[PDB]
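A closer look at the structure
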Amino acid sequence: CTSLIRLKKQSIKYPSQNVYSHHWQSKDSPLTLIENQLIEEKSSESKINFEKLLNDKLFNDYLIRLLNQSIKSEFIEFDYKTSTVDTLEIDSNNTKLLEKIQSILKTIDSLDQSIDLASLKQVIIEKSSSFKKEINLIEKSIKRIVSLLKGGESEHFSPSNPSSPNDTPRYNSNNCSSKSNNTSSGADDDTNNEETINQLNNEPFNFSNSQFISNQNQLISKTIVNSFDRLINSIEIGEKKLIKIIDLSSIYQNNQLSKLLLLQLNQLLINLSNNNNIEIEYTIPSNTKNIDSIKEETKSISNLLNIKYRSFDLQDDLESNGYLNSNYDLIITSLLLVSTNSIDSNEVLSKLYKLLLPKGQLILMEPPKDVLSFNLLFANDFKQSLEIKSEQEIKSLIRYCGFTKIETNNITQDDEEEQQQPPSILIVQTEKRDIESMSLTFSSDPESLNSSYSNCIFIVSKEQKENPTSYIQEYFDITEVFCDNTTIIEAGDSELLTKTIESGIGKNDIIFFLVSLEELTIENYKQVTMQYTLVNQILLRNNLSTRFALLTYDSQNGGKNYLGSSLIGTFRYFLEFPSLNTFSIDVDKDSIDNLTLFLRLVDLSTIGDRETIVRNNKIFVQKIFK
């Protein structure tokens, strides 16, 4: 009699793929910023020489030459400059191009028409590292400017035909494709030299070869890894910590920043492979054009740092792509304000802010607008390059989206006998609004915590401090119960409880359970657990949107009340349902008075999961580690 399964006879295969542990780390980020008073570190020599490159009329003559050749490259025989015609688009001519060219030539005339780009060009090329791969960028700027303004446009902002009468404009640009490709060898035979107009167009702004961008990345990497060094040196005994780091410069700048980031992170952890009370979920998203470079540049770094090679595009919904509100701790972003056309910078900052954990660092390395030629190296069109703003505007926009402690880190180098310069790139590392104080809205205003709730019912026990006023005040005052109907219903009084919760309770109605704060006997805990289960059953059976927050004591790390875990377990069972919005908080005796904080804990937006521990006013979540 033969079976069909290989039989492993009582073997001992030491489980390595199935062990998951449980800890409790403080959800509010323990990450701490660096003091801006020490940001002096020299690695770049090309930025000082670039600021020296200004006020050099020979570069201006190079500008004149490029503008002349761009004027010539438009059309071989087309009129300009007095006359025919002086009109403008639209109705009807390409004279918008004519006026743009005349303004460009008006700027051209002053002031030099002499020899250019031999001596100073050789000197600067040998001085910084090479400026041929900078003149190429500045030339390709105007070359692709004329390529874009040529594009498919020289006309055709024409009025859409209003017929039929009262035809509202309807736009929809998805689910469209061309039919059909390569019919009768169309545009295939007799083809050659048809793509010479745009040949530097497919070669992007190169930053890897030159070492100045690498110096920028080195400064950023060292400043981040020093804070991480501080954190790991302040590691706690027997408490693993999960860190969610996402870098969005991996789609905008070269990966080199993240390259050195991973290199030094893994190097540091390898030098310090003696404690495993910390793990790092480092993640690198890309737009399906740098995933290849990212995954091929990194080979074996995932030893202790869980790496997730994914895709994040800032034009899609955060929740749709899987990213959640108050989900990830640290975000590092460079070349961001130069990377948008239609998205408001406040909207980009809101995108960054929503994902952030409480006080989670937002590192934003953005260019200032003190030198325009310095901004011409970050975008290739008249639109994105000027989407950048000044330092004060960046600060105000960061404070606009609810950020505290803006840290201005002006990258400062110091080359001897070489002039000073404005900051090479402004680095602002701010933190999310402190989890101690928010409101349910996006920006802090206590309208949602005060006089926003209509009915707040309190489950109490009349076996200690029979009066409910002092029973609640025994742990936190009753005055902070801010609702139009301060109601208290006896524990076990489920009939009037059913009547009250079935007559109607609004979305801003909450029910705190203060019976799980006393030391439960060896029999009564089943009784109160049954009461709770019936309460949640009646809540769900009518599909209500009531907010519930259970408050328990010492029932999630062991102590005087180890019996509330039954309540917590059945509550956990209910959480799989979407109709029942319920939370649970375990607090000690010495931090039990934070009623306003508990009201804040109803936040699905700025706070994360629906189970937390408050110790010494610090909010914790349980983390499970492979």
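Summarised in this report is the structure supplied together with it. (Residues numbered from 1 in each chain as written, not as in the entry; some residues may be left out. Part of a larger assembly, values for the part shown. Heavy atoms only, no water.)

Viewed as axis vectors pointing N to C, helix α6 (residues 211–233) and helix α7 (residues 256–271) meet at an angle of 35°, and their least axial separation amounts to 9 Å. Of the two elements, α6 crosses α7, and the hand of that crossing is right-handed. Here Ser214, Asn217, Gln218, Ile220, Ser221, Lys222, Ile224, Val225, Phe228, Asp229 and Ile232 of α6 come into contact with α7, specifically with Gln256, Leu257, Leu260, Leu261, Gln264, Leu265 and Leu268. In terms of residue class, the contact of α6 with α7 is made up of 10 nonpolar, six polar and two charged. (Axes fitted to C-alpha atoms, helices over the stretch in contact; angles between N-to-C directions. Helix = DSSP H or I, 4+ residues; strand = E, 2+ residues; numbered from the N terminus. Left-handed = near helix turned anticlockwise from the far one by under 90°. Contact = heavy atoms within 4.5 Å. Nonpolar A, V, L, I, M, F, W, Y, C, P; charged D, E, K, R; others polar.)

The next subject is unusual backbone geometry. The amide bond that connects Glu89 to the next residue, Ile90, takes the cis arrangement and shows omega of 10°. At the junction of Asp91 and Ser92, the peptide bond is cis and its omega measures out at 0° in the coordinates. Within the element layout of this structure, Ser92 appears in the loop between α2 (57–74) and α3 (95–108). The phi dihedral of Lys81 falls on the positive side, at around 60°, and the residue is not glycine. As for its position among the elements, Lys81 is in the loop between α2 and α3. Despite not being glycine, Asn175 shows a phi value in the positive range, around 60°. Within the fold, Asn175 resides in the loop between α5 (132–150) and α6. Residue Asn175 is classed as exposed on the basis of its relative accessible area, which comes to 77%. (Buried < 20%, exposed > 50% of the residue type's maximum accessible area, 1.4 Å probe, protein only.)

So, about the packing of aromatic side chains. Aromatic ring pairs are described here by two measures, namely the spacing of the ring centres and the angle between the planes. Across all of its chains, the model carries 15 aromatic pairs by this definition. Each ring, one from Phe78 and one from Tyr80, has its centre 6.1 Å from the other, and the planes form 65°; the classification is edge-to-face. Plain terms: the ring middles of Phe312 and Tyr323 are 4.6 Å apart, the flat faces sit at 35° to each other, and that makes the pair tilted. Residue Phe312 is found in the loop between β4 (305–310) and β5 (330–334), and its partner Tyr323 is found in the loop between β4 and β5; the two are separated by 11 residues along the sequence. (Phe/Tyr/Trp six-rings, centres within 6.5 Å; stacked < 30°, edge-to-face > 60°.)

With respect to burial, strand β6 (residues 361–366) is a largely interior element, six of its six residues being buried. Here β6 shows no split at all, with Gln361, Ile363 and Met365 on one side and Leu362, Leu364 and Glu366 on the other all buried. Note: β5 against β6, four bridges, orientation parallel. Residue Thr333 lies in a different strand from β6, and its bridge partner there is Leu364. Taken together, β5, helix α9 (residues 345–355) and β6 constitute a β-α-β crossover, and its handedness is right-handed. Here β6 runs beside strand β9 (residues 426–432); their pairing, made up of six bridges, is antiparallel. Pairing of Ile363 across the sheet is with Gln429, part of β9. (Pairing = 2+ DSSP bridges. Right-handed = clockwise from strand over helix to strand, strands pointing away.)

Another aspect to go through is the nonpolar core. One broad trend across soluble globular proteins is that nonpolar side chains are buried collectively. Counting residues in each nonpolar core, the largest one holds 31 residues, and the members touching the most others are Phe458, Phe476, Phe512, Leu514, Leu551 and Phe598. Going through the elements one at a time, β10 (453–460), α12 (468–473), β12 (510–513), β13 (547–553), β14 (581–587) and α16 (595–600) are the ones with two or more residues in this core. Every residue in contact with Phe598, bar those within four places of it in the chain, is listed here: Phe476, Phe512, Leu551, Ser591, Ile592 and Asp593. Counting 29 residues, the second-largest nonpolar core is a separate cluster that includes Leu219, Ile243, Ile307 and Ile425. (Core = buried A, V, L, I, M, F, W, Y, C linked by side-chain atoms within 4.5 Å.)

Okay, the layout of surface pockets next. Approximately 900 Å³ is the volume attributed to the largest pocket. Surrounding the largest pocket, 28 residues form its lining, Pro204, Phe205, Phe207, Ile251 and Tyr252 being those nearest its centre. Counted by class, the lining of the largest pocket contains nine nonpolar, 14 polar and five charged residues. Of the voids in this model, the second largest pocket is the one considered here, and its volume is about 780 Å³. In terms of lining residues, the second largest pocket is bounded by 28 residues, among which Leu63, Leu67, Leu372, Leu376 and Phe382 are the most central. Contributing elements (two or more residues each) for the lining of the second largest pocket: α2, α3, α5 and α10 (372–375). A breakdown of the residues in the lining of the second largest pocket according to their chemical character gives 16 nonpolar, eight polar and four charged. (1 Å grid on protein atoms, 1.4 Å probe; cavity = no way out; pocket = protein on both sides within 12 Å on 5 of 7 lines; lining within 4 Å. Points joined across faces, edges and corners; volume = space filled by probe spheres on them.)

What follows concerns the environment of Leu337. Here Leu337 is to be found in the loop between β5 and α9. Among the residues examined, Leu337 registers a relative accessible area of 6% and is labelled buried. Sequence separation between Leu337 and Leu364 is 27 residues; the distance between their C-alpha atoms is 9.5 Å. Ignoring sequence-local partners within four residues, the contact set of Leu337 consists of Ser345, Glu366, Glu387 and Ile394.

Across a regular strand the side chains alternate sides, sitting on one face of the sheet and then on the other. For strand β3 (residues 279–285), a buried count of seven out of seven residues is recorded, marking the element as mostly surrounded by other parts of the structure. Bridge count between strand β2 (residues 242–247) and β3: five bridges; the pairing is parallel. For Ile243, the partnering residue across the bridge sits in β3 and is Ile280. Note on the crossover from β2 through α7 to β3: the handedness is right-handed. Two strands pair when backbone bridges link them, and β3 and β4 are joined in this way by six bridges, in the parallel orientation. Following the sheet pairing, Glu281 is matched in β4 by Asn306. What joins β3 to β4 is helix α8 (residues 291–297), and the crossover it makes is right-handed.

All told, the structure shown has eight cavities of 30 Å³ or more when counted by the stated rule. Size it by volume and the largest cavity reaches roughly 360 Å³. As for the largest cavity, its lining consists of 23 residues, and the residues nearest its centre are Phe212, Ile213, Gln216, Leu377 and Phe378. Elements that contribute at least two residues to the lining of the largest cavity include exactly α1 (46–53), α5 and α6.

Spatial relationships are all this shows, so hold off on functional conclusions.
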